[PDB]
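For reference, the chain that follows is the form deposited in one PDB entry, supplied as structure tokens.
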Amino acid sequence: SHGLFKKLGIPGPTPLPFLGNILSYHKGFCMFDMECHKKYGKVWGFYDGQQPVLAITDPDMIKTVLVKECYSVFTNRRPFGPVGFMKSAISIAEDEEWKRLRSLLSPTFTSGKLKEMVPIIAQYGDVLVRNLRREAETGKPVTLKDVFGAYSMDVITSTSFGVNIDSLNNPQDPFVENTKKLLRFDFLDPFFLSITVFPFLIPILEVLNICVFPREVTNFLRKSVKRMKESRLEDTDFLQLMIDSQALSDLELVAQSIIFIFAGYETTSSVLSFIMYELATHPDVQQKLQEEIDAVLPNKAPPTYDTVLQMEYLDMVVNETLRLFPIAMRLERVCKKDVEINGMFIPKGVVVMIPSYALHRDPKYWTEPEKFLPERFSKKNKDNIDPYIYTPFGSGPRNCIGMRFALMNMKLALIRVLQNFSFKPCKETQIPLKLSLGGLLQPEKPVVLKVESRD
């Protein structure tokens, strides 16, 4: 397989037998991708074991992959390891199985439903605020990821079966304790390295029932969803709309819910911590934002759907943080069949990969790409921004279905958090921040910050 890119005249790093290029992942996905763009230009190919991956950076070609020929060629992603029943999770499903689940779960994130969560997730804003105060008179650096973690868990749980939890103040609630494994899902463990060199071993793991998703969790939710289906509401949000529309197996319902529990927890939490790092290392941006909030919501007023979209600088700050720290790092699609996009021929079976992280830090689009500058995203400057270079939620029919929910939910956290506190660096604060060793962006060391109340 290692002769494909030579034969197609596409440049790239020299593959070793069996391994392909995987040894290059030792400097991390981010450095590997940056270095490849730098020295190969617009397009290159590499091997994840025997799997050919073709990197693209042309905004049109990108638009052809993600938008135009999605349904007909570039419809699916590549799974990593034994996935078991999670074969039917929206995120992992393929072709018609996927299209059905997407159409089915479309209506979850309508602006109507979005409006209906504001008041629910408000309740957990207050809980967050309280937890943040008690942690601040500690006078000792605060692990935000922990505090934010608790918040975003609580929010999405309620967005399914209003199963209310204090998280922090309930480390034992069956729903909290048991879902603890579903992240830390170790995206960094060598098993994913091995399984890429030995993808031929996956069907052996499937047959033995070994699954990358902990058995403990799958088992909790199958019975949880059983109960909240019958027991909890047999008299007369996401979960409901799953049952209400019943061909959707209960096993496939758990599939979606696990995707949602994970995504709703890690994304929100990790992004909010990158954002507060950036506000703490830029006090002026922090105050400027604190002023916008106080102007739009006078006297610590409660945020509403309409006021949240009203906050331009807030949007600017969130957008810019996601430019520097797009947690997905790469976008990927499997080429279903032979094609010629924008001139170049892609053969069946290649994974076409868009290196988001590199693109978000590419000099040809970004002045001082390394610096946190929200001005970049002001209404008179955002014209200069290509929606196929900046893509923190992907693009096209298979983009982040949770985009508007995430944004919304992150802002509601910020607005409540900045209404009451200010955030400042200290000793245990890592400056400059160092990124996760691998494929899902996380901080190297947990983000720790000083928190002062505003009276």
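The term rigid core refers to the most C-alpha atoms you can superpose between the two forms while keeping them within 1.5 Å. Throughout, we count residues from 1 along the sequence that is shown.
One more form of this protein should be noted, the form deposited in another entry, which is absent from this view; the next part is about it.
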Which one of 379, 300, 184, 364, by Cα shift of 2 Å or more between this form and the one not shown, core superposed: 184
Exceeds or equals 2 Å, Cα of residue 13 between this form and the one not shown, core fit: no
Core-aligned C-alpha movement of residue 23 between this form and the one not shown reaching 2 Å: no
CA of residue 125, rigid core aligned, shift of 2 Å or more between this form and the one not shown: no
Direction of C-alpha distance change in the other entry, residue 185 to residue 175 (at least 3 Å): farther
Distance trend in the other entry - C-alpha atoms of residue 54 and residue 185, change of 3 Å or more: closer
